[PDB]
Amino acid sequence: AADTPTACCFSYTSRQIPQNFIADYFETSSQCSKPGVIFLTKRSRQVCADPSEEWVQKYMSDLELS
């Protein structure tokens, strides 16, 4: 779809999510005031995270290279 809500982050998790919790991720629209990475856990919980944090660039890379 399209013309439909877009997810935005207004706060970032403060602590590193354990990596084996992570099932997927995506980056939030550039239309959002903040840059965001939303991780999806295995229980399908969505979690906002700061793209400029080392551990999140880690998790993104590991996810992409598999």
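One-based numbering along the sequence shown.
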Exercise. Lowest, middle or highest third: where is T13 by C-alpha B factor in its chain?
Worked result: middle
For this session: Would you mind checking where the Cα B-factor of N20 ranks among the modelled residues of its chain, as the lowest, middle or highest third?
Result: highest
For this session: Using the B-factors in the PDB entry, rank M60's C-alpha atom against the chain and give the third, lowest, middle or highest.
Result: middle
For this session: Divide the modelled residues of the chain into thirds by Cα B-factor and specify which third, lowest, middle or highest, holds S29.
Result: middle
